[PDB]
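Everything below concerns the one structure shown next.
Atoms within a ligand are numbered from 1 in the order they appear, just like the ligands themselves. Only this structure's heavy atoms are used, side chains among them; waters, hydrogens and symmetry mates stay out. One is the number of the first residue; the rest follow in order along the sequence.
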Amino acid sequence: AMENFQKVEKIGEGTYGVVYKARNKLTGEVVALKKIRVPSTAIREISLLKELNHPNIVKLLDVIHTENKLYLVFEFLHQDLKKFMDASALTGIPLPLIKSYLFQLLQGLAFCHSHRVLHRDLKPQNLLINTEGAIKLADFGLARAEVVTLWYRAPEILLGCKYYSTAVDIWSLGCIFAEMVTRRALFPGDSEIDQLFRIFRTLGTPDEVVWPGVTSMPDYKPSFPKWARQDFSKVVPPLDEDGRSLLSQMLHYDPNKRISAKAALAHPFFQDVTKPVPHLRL
Ligand SMILES: Cn1nccc1Nc1nccc(-c2ccn([C@H](CO)c3ccc(Cl)c(F)c3)c(=O)c2)n1
């Protein structure tokens with residue numbers, strides 16, 4: 001099984017696996033090999049993911065289930081968005097590239113969501129880029145299948161909703177959009193309550209007016225402090241009014257009011273979208 005792969009170097013770790021750059025000794029392919037750690041339900045879900053192919057989803061090439069361990073073989077990309085943001089931080093990512101990346105990831109999400117597949121853990125480290133200007137979603141579907149970052153968590157998850165929706169991915173992508181534009185994380189919480197209260201300090205403590213049902217959510221407390229909302233003009237300067245209007249719709253508290261990926265693709269912010277090429281030093 002694995003004897004067919006030659007490890008080159010380590011490129012990631014999760015709470016349950018390690019990812020190596022590796023070479024397929026068979027095909028000559030260079031790949032990302034994720035070594036996990038097997039429940040049959042996980043096998044069938046992962047198998048369904050192999051069919052979920054889109055230009056903005058990192059391709060799952062092979063699933064090897066062997067010596068009762070699990071290897072996932074992915075398309076290799078040379079950089080993630082976290083590294084590209086850090087590399088770009090003196091100057092910032094140019095707006096047309098931010099806009100191209102947001103549009104592409106919304107295409108990725110629209111495709112996944114149309115097949116009822118949620119990502120659930122979008123973050124810059126899971127967004128992979130190449131020299132041609134493409135950006136792709138990684139780790140897609142693997143959640144339903146080493147401190148965990150909370151920064152991009154939708155508030156319905158933080159408030160204990162078990163049966164949340166595709167809207168959680170739009171919230172995460174909105175947080176990443178804001179971070180591209182300002183070169184700072186939007187809500188960098190370091191615990192669940194710190195995350196929730198950073199959201200409330202910026203967008204206002206949610207109530208029944210803006211989010212019907214919120215006061216009955218599992219981890220909602222009447223004792224939450226009540227902060228007023230701030231203007232987006234203060235939150236993501238100097239993003240223009242189209243970009244701010246789109247971000248506001250992606251960060252609506254009520255997941256049912258939050259914009260869908262498909263609707264976001266029609267937003268006027270993308271009327272002049274283009275596909276620039278990044279400066280990548282590899
Ligand atoms: C060279 N380089 N630098 C950064 C990324 C890459 N290239 C690359 N190419 C294809 C896939 C991946 C890739 C990376 C990280 N992860 C996550 C990061 O959150 C990850 C989740 C779960 C566990 Cl268990 C893990 F170890 C790593 C991927 O899923 C998949 N990376």
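Distances below 4.0 Å separate heavy atoms of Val18 from the following atoms of ligand 1: 26 (F). Each of the following atoms of ligand 1 lies closer than 4.0 Å to a heavy atom of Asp80: 4 (C). Which parts of ligand 1 touch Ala32 is read off a 4.0 Å heavy-atom cut-off, strictly below it: atoms 9 (N), 10 (C), 11 (C). Remark: ligand 1 atoms within the under-4.0 Å shell around heavy atoms of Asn126 are 17 (C), 18 (C), 19 (O).
With rounding to the nearest 0.5 angstrom, the CH2 atom of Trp151 is 14.0 Å from the OG atom of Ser172. Annotation: the span from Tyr253 atom OH to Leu203 atom CG amounts to 4.5 Å, rounded to 0.5 Å.
Ring geometry for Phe197 versus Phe224: interplanar angle over 60°, hence perpendicular rather than tilted (30 to 60°). A tilted orientation is assigned to the rings of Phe200 and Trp227, their planes being inclined by 30° to 60°.
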(request) Tell me, with the steps shown, if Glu132 and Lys275 meet salt bridge (charged side-chain N to carboxylate O under 4.0 Å, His left out). (result) CA-CA 9 Å; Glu132 310 263 299; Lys275 189 189 188 177; over 6 Å; no

(request) Take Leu72 and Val19 through the side-chain contact (heavy atoms from CB on, under 4.5 Å) test and state the conclusion after the steps. (result) CA-CA 9 Å; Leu72 313 183; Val19 183; over 6 Å; no

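Remark: minimum distance from atom 29 (O) of ligand 1 to any protein heavy atom is reached at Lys34 NZ, 3.4 Å. In terms of protein heavy-atom proximity, atom 7 (N) of ligand 1 is nearest to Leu77 O, 2.8 Å. In this structure, atom 11 (C) of ligand 1 lies nearest to the protein heavy atom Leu128 CD1, 3.4 Å. Nearest to atom 26 (F) of ligand 1 among the protein's heavy atoms is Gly14 N, 2.6 Å. Looking only at heavy atoms of the protein, atom 27 (C) of ligand 1 is closest to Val19 CG2, 3.4 Å. When hydrogens are left out, the protein atom nearest atom 24 (Cl) of ligand 1 is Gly17 N, 3.0 Å; that is the closest non-hydrogen contact.
The six-membered or imidazole ring of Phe177 lies near that of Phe269, with a centre-to-centre distance under 6.0 Å.
For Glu45 and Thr41, the side-chain atoms include no donor-acceptor pair closer than 3.5 Å.
No salt bridge links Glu192 with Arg153; every basic N to acidic carboxylate O contact stays at or beyond 4.0 Å.
Residue-ligand proximity: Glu75 is placed with a non-hydrogen atom under 4.0 Å from ligand 1.
For atom 14 (C) of ligand 1, the nearest protein heavy atom lies 4.0 Å or farther away.
Checked by distance only, ligand 1 and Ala138 stay at 3.5 Å or farther apart across all their nitrogen or oxygen atoms.
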